[PDB]
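Novice: The file below is coords05.txt, compact mmCIF, C-alpha atoms and all ligand atoms:
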# COMPACT_ATOMS: atom_id res chain seq x y z
CA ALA A 1 185.30 29.84 -59.54
CA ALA A 2 181.90 29.35 -58.00
CA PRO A 3 180.88 26.26 -56.11
CA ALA A 4 178.97 23.62 -58.03
CA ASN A 5 175.67 24.57 -56.38
CA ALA A 6 176.00 28.33 -56.66
CA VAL A 7 172.83 30.20 -57.55
CA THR A 8 172.98 31.09 -61.25
CA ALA A 9 171.73 34.41 -62.62
CA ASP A 10 169.12 32.83 -64.85
CA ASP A 11 167.51 30.70 -62.12
CA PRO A 12 163.91 31.95 -62.22
CA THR A 13 164.08 32.93 -58.54
CA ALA A 14 167.37 34.78 -59.19
CA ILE A 15 165.63 36.64 -62.02
CA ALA A 16 162.57 37.46 -59.98
CA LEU A 17 164.63 38.60 -56.97
CA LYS A 18 167.38 40.26 -59.03
CA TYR A 19 170.07 38.23 -57.29
CA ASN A 20 173.69 38.98 -58.12
CA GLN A 21 176.70 37.28 -56.55
CA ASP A 22 178.37 40.72 -56.48
CA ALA A 23 176.29 43.40 -54.75
CA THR A 24 178.21 46.14 -56.56
CA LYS A 25 176.61 44.79 -59.76
CA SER A 26 173.09 44.66 -58.27
CA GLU A 27 169.86 46.69 -58.19
CA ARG A 28 170.21 47.46 -54.48
CA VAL A 29 170.07 51.23 -54.99
CA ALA A 30 166.97 50.95 -57.16
CA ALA A 31 165.10 48.73 -54.70
CA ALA A 32 165.82 50.96 -51.67
CA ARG A 33 164.94 48.19 -49.23
CA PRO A 34 164.59 49.46 -45.69
CA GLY A 35 167.08 48.88 -42.92
CA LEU A 36 170.38 50.21 -44.18
CA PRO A 37 171.36 52.69 -46.88
CA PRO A 38 171.32 50.67 -50.09
CA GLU A 39 175.04 50.74 -50.80
CA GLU A 40 175.63 48.98 -47.47
CA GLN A 41 173.39 45.99 -48.26
CA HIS A 42 174.75 42.57 -49.15
CA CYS A 43 174.09 38.95 -48.20
CA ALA A 44 176.35 38.99 -45.15
CA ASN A 45 174.12 41.55 -43.39
CA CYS A 46 170.86 39.87 -44.46
CA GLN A 47 168.62 37.87 -42.12
CA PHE A 48 168.20 35.07 -44.67
CA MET A 49 171.93 34.30 -44.98
CA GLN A 50 172.82 31.03 -43.26
CA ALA A 51 176.13 31.30 -41.44
CA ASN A 52 176.18 27.53 -40.88
CA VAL A 53 175.64 26.49 -44.49
CA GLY A 54 178.47 26.55 -46.99
CA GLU A 55 182.02 27.73 -46.34
CA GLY A 56 184.08 30.87 -46.81
CA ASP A 57 182.47 33.35 -49.15
CA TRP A 58 179.81 30.87 -50.34
CA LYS A 59 177.06 30.52 -47.76
CA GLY A 60 173.45 29.41 -47.60
CA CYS A 61 170.38 31.49 -48.14
CA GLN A 62 167.04 30.38 -46.71
CA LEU A 63 165.35 31.45 -49.98
CA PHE A 64 167.58 29.28 -52.20
CA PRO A 65 167.41 25.84 -50.52
CA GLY A 66 170.14 23.45 -51.67
CA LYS A 67 172.23 26.24 -53.21
CA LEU A 68 174.94 28.72 -52.18
CA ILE A 69 175.02 32.48 -52.50
CA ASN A 70 178.06 34.72 -52.18
CA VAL A 71 178.38 36.72 -48.93
CA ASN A 72 179.18 39.74 -51.11
CA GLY A 73 176.01 39.35 -53.19
CA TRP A 74 172.52 40.83 -52.96
CA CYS A 75 168.92 40.23 -53.97
CA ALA A 76 165.67 42.18 -53.61
CA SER A 77 164.60 40.09 -50.60
CA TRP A 78 167.53 41.61 -48.63
CA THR A 79 166.27 41.99 -45.07
CA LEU A 80 168.29 43.55 -42.28
CA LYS A 81 169.92 40.82 -40.19
CA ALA A 82 168.71 40.68 -36.60
CA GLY A 83 171.89 39.37 -35.00
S1 LIG B 1 167.74 36.88 -49.30
FE1 LIG B 1 169.49 37.89 -48.36
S2 LIG B 1 171.12 36.26 -48.20
FE2 LIG B 1 169.57 35.53 -49.65
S3 LIG B 1 170.42 36.15 -51.71
FE3 LIG B 1 168.96 37.79 -51.01
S4 LIG B 1 170.27 39.32 -49.98
FE4 LIG B 1 171.49 37.36 -50.18
Show this structure as structure tokens.
Specialist:
Amino acid sequence: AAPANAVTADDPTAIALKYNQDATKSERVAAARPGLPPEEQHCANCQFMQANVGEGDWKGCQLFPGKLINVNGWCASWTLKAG
């Protein structure tokens, strides 16, 4: 059960960015974003994930202010995490 402020799939930013809460159900292979082989990409290894927002598997994303993503998710703005 998702948190009350989870990003929903038909949010227009979720549509534009092809966000999915489950990276295995995402377009990561198609997008081929640089930094890691596509099958390795998910929110937890993305620079925009906020480790200090949310709890557990439901964490912040700088691109979805006020909402929570799933650490196991993905979107087309996936960017290799610096830390
Ligand atoms: S920008 Fe990064 S943390 Fe935010 S939803 Fe996309 S892949 Fe996940």
Novice: For residue A:29, list every protein, DNA or RNA residue within 9 Å, evaluated using all atoms listed in the file, and leave out those in the same chain fewer than 5 positions away; present the list as a PyMOL selection string.
Specialist: chain A and resi 37-39
Novice: Do you know which residues are within 12 Å of ligand LIG 1 (chain B) using all atoms listed in the file? Can you write them as a PyMOL selection string?
Specialist: chain A and resi 6-9+13-23+26-28+31+33+38+40-51+53+57-65+67-81
Novice: From the list A:30, A:54, A:24, A:10, which residue is nearest residue A:66 when using only C-alpha atoms?
Specialist: A:54
Novice: Might I get the box with edges along x, y and z of the file that holds all atoms of stretch 34-42 of chain A listed there, padded by 4 Å on every side, given as centre and edge lengths in Å to one decimal, as lines of an AutoDock Vina configuration file?
Specialist:
center_x = 170.1
center_y = 47.6
center_z = -46.9
size_x = 19.0
size_y = 18.1
size_z = 15.9
